[PDB]
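A short write-up of the structure that comes next.
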Number of protein chains: 12
Amino acid sequence: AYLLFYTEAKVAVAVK
Amino acid sequence: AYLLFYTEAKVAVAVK
Amino acid sequence: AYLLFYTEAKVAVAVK
Amino acid sequence: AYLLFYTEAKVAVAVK
Amino acid sequence: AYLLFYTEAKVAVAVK
Amino acid sequence: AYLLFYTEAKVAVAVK
Amino acid sequence: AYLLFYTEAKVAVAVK
Amino acid sequence: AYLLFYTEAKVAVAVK
Amino acid sequence: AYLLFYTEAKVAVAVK
Amino acid sequence: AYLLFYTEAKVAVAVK
Amino acid sequence: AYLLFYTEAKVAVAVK
Amino acid sequence: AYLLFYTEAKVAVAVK
Ligand SMILES: [Cl-]
Ligand SMILES: [Cl-]
Ligand SMILES: [Cl-]
Ligand SMILES: [Cl-]
Ligand SMILES: [Cl-]
Ligand SMILES: [Cl-]
Ligand code: NA
């Protein structure tokens, strides 16, 4: 898996 | 803010 | 676990 | 020049 | 935003 | 500018 | 040797 | 302080 | 492929 | 191979 | 081993 | 400052 960044704006991180 | 890694095992990432 | 940059395009962080 | 990781998502390397 | 490694020790990733 | 990666196979680097 | 970021949390740089 | 990669070539770490 | 910081001296980014 | 940087004028990156 | 950033003030680096 | 790597054998790190 890798770290997925996404914008909420502010940066947030998910794991895929 | 900074990236906080934490284990649930698997690593998860929060933004503090 | 290791935090390893990679690219197959942009870069991502793998969790190993 | 600095090599600065950033994200707007994947990561990219800015050159400053 | 930039992803900047930093230390005050341990190392952390700042989001700026 | 930032470093752009592309497939040429081997990874190759350009600048945008 | 590689310089590999890792986390067990903050991060650290492994020498492999 | 930030740990910033840079290049003048190989790379290097600046402590700012 | 992975982008791995590497040194034997200065640091380089290995493509693996 | 390694990422080879050169500062020519914008930075340029070769794969050696 | 791992790189240890510590205080001596100035930061210092030990290969632990 | 910047991190200087030199071999004394084992590699030593100095902050210059
Ligand atoms: Cl934890
Ligand atoms: Cl805190
Ligand atoms: Cl680990
Ligand atoms: Cl900054
Ligand atoms: Cl520009
Ligand atoms: Cl410097
Ligand atoms: Na969310």
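Following the order of the structure tokens, first chain is A, next is B, and so on, with residues numbered from 1 inside each chain and ligands from 1 in the order they appear.
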
Find the residues near ligand 5. Use a cut-off of 12 Å, count only C-alpha atoms and all ligand atoms, and write them as a list in words.
residues 14, 15 and 16 of chain D; 1, 2, 3, 15 and 16 of chain F; 9, 10 and 11 of chain J

Taking every C-alpha atom in sequence order, what RMSD separates chain C from chain B after the best least-squares fit?
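Across all paired C-alpha atoms, the RMSD is 1.1 Å.
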
Which residues of chain B sit at most 8 Å from chain G, using only C-alpha atoms? Give each one's shortest atom pair and distance in Å (one decimal place), in chain and ascending residue order, as a Markdown table.
| residue | atom | partner | partner_atom | distance |
| --- | --- | --- | --- | --- |
| B:4 | CA | G:9 | CA | 6.1 |
| B:5 | CA | G:9 | CA | 5.0 |
| B:6 | CA | G:9 | CA | 5.5 |
| B:7 | CA | G:8 | CA | 7.7 |

Would you save the residues from that selection as an mmCIF file, in the first residue's frame, using N, CA, C and O atoms?
data_model
loop_
_atom_site.group_PDB
_atom_site.id
_atom_site.type_symbol
_atom_site.label_atom_id
_atom_site.label_comp_id
_atom_site.auth_asym_id
_atom_site.auth_seq_id
_atom_site.Cartn_x
_atom_site.Cartn_y
_atom_site.Cartn_z
ATOM 1 N N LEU B 4 1.338 12.588 11.539
ATOM 2 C CA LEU B 4 1.436 11.668 12.664
ATOM 3 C C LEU B 4 1.171 10.254 12.190
ATOM 4 O O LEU B 4 0.079 9.946 11.751
ATOM 5 N N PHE B 5 2.158 9.386 12.288
ATOM 6 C CA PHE B 5 1.985 7.975 11.965
ATOM 7 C C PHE B 5 1.597 7.256 13.191
ATOM 8 O O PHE B 5 2.108 7.590 14.307
ATOM 9 N N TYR B 6 0.719 6.279 13.076
ATOM 10 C CA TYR B 6 0.310 5.490 14.223
ATOM 11 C C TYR B 6 -0.104 4.115 13.736
ATOM 12 O O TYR B 6 -0.490 3.945 12.576
ATOM 13 N N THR B 7 0.029 3.125 14.604
ATOM 14 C CA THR B 7 -0.293 1.755 14.240
ATOM 15 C C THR B 7 -1.646 1.348 14.750
ATOM 16 O O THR B 7 -2.041 1.697 15.867
#

DSSP says strand (DSSP E or B) for which residues of chain B? Put them as a PDB file with N, CA, C and O atoms, in the first residue's frame?
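Final output, saved to part_15.pdb:
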ATOM      1  N   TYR B   2       1.663  18.669  11.310  1.00  0.00           N
ATOM      2  CA  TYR B   2       2.620  17.632  10.942  1.00  0.00           C
ATOM      3  C   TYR B   2       1.907  16.286  10.734  1.00  0.00           C
ATOM      4  O   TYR B   2       0.792  16.079  11.188  1.00  0.00           O
ATOM      5  N   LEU B   3       2.533  15.399   9.970  1.00  0.00           N
ATOM      6  CA  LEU B   3       2.035  14.054   9.756  1.00  0.00           C
ATOM      7  C   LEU B   3       2.383  13.136  10.929  1.00  0.00           C
ATOM      8  O   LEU B   3       3.548  12.931  11.260  1.00  0.00           O
ATOM      9  N   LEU B   4       1.338  12.588  11.539  1.00  0.00           N
ATOM     10  CA  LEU B   4       1.436  11.668  12.664  1.00  0.00           C
ATOM     11  C   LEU B   4       1.171  10.254  12.190  1.00  0.00           C
ATOM     12  O   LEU B   4       0.079   9.946  11.751  1.00  0.00           O
ATOM     13  N   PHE B   5       2.158   9.386  12.288  1.00  0.00           N
ATOM     14  CA  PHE B   5       1.985   7.975  11.965  1.00  0.00           C
ATOM     15  C   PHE B   5       1.597   7.256  13.191  1.00  0.00           C
ATOM     16  O   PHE B   5       2.108   7.590  14.307  1.00  0.00           O
ATOM     17  N   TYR B   6       0.719   6.279  13.076  1.00  0.00           N
ATOM     18  CA  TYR B   6       0.310   5.490  14.223  1.00  0.00           C
ATOM     19  C   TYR B   6      -0.104   4.115  13.736  1.00  0.00           C
ATOM     20  O   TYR B   6      -0.490   3.945  12.576  1.00  0.00           O
ATOM     21  N   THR B   7       0.029   3.125  14.604  1.00  0.00           N
ATOM     22  CA  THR B   7      -0.293   1.755  14.240  1.00  0.00           C
ATOM     23  C   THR B   7      -1.646   1.348  14.750  1.00  0.00           C
ATOM     24  O   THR B   7      -2.041   1.697  15.867  1.00  0.00           O
ATOM     25  N   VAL B  11       0.145   0.721   9.518  1.00  0.00           N
ATOM     26  CA  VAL B  11       0.360   2.145   9.709  1.00  0.00           C
ATOM     27  C   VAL B  11      -0.784   2.970   9.141  1.00  0.00           C
ATOM     28  O   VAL B  11      -1.238   2.751   8.016  1.00  0.00           O
ATOM     29  N   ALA B  12      -1.222   3.952   9.926  1.00  0.00           N
ATOM     30  CA  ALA B  12      -2.234   4.910   9.501  1.00  0.00           C
ATOM     31  C   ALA B  12      -1.662   6.321   9.670  1.00  0.00           C
ATOM     32  O   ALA B  12      -0.719   6.497  10.436  1.00  0.00           O
ATOM     33  N   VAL B  13      -2.200   7.320   8.961  1.00  0.00           N
ATOM     34  CA  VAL B  13      -1.618   8.658   9.039  1.00  0.00           C
ATOM     35  C   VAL B  13      -2.623   9.779   9.270  1.00  0.00           C
ATOM     36  O   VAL B  13      -3.554  10.021   8.453  1.00  0.00           O
ATOM     37  N   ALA B  14      -2.402  10.515  10.356  1.00  0.00           N
ATOM     38  CA  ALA B  14      -3.181  11.694  10.686  1.00  0.00           C
ATOM     39  C   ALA B  14      -2.383  12.975  10.501  1.00  0.00           C
ATOM     40  O   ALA B  14      -1.165  12.951  10.413  1.00  0.00           O
ATOM     41  N   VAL B  15      -3.092  14.093  10.453  1.00  0.00           N
ATOM     42  CA  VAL B  15      -2.480  15.401  10.320  1.00  0.00           C
ATOM     43  C   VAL B  15      -2.772  16.172  11.586  1.00  0.00           C
ATOM     44  O   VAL B  15      -3.919  16.529  11.842  1.00  0.00           O
TER      45      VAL B  15
END
